[PDB]
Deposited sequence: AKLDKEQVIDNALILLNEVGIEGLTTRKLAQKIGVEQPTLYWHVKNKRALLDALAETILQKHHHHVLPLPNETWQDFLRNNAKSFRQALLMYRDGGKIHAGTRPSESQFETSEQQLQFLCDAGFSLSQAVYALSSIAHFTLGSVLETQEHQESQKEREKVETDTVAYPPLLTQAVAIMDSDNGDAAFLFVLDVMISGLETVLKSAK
């Protein structure tokens, strides 16, 4: 019984029951071990949630550094798309990611992200805010998508009728893409004054 196996099962369970319903007792039962055996790998729910958030990004969020051919704009664009897709992979992915601090495994790439934005001419603060922006917008976008879907069932004015169709018709994709490009334009304007 190794960690990888424990977490692989936890991810399957997460899709079966969601974040609220996910407990260690439930994980222990699914794996077919006693709870004190599981304890060694996952001490509690908070520790489980942390491990899931980190593993989901390890498994699915592959655009964490700029490619050699990439501008900072391209990088932020593809990083955000990669993040969004990773959050969308798993049930309650947005709730899973929320409130997790960077993982020891992520330290070096997160450091190079910050350095890379600094070399582009952002101050450190601005770099941090720029990365925080993508993350928060992507997270809010995903949480809305996921939550809207989960509340399925139990007379709008004209412009609002079209606005609802426009957001729902593609689960927020076009709106995500537009705003991402808007955030990137706005950041270019930040660089342009120095």
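Unmodelled regions of the deposited chain, listed from N- to C-terminal end, are 1 to 2, 157 to 165, 206.
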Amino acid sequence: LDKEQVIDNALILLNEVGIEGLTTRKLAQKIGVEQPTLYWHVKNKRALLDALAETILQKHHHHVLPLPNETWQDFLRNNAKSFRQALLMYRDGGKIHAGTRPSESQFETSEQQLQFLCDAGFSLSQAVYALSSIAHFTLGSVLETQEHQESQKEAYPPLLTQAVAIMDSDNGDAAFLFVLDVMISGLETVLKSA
From here on, numbers count along this sequence of modelled residues.
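Mean CA temperature factor is higher for 27 to 35 when stretches 138 to 146 and 27 to 35 are set side by side in the entry.
Looking at mean Cα B-factors across 157 to 165 and 125 to 133, the upper value is held by 157 to 165. Comparing the listed residues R101, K95, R77, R84, the entry records the largest Cα B-factor for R101.
The PDB entry assigns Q152 a C-alpha temperature factor belonging to the highest third of its chain's modelled residues.
The PDB entry assigns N9 a C-alpha temperature factor belonging to the lowest third of its chain's modelled residues. In this PDB entry, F116 carries a Cα temperature factor that places it within the middle third of its chain's modelled residues. For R46, the recorded CA B-factor ranks within the middle third of the chain. Only modelled residues enter the ranking.
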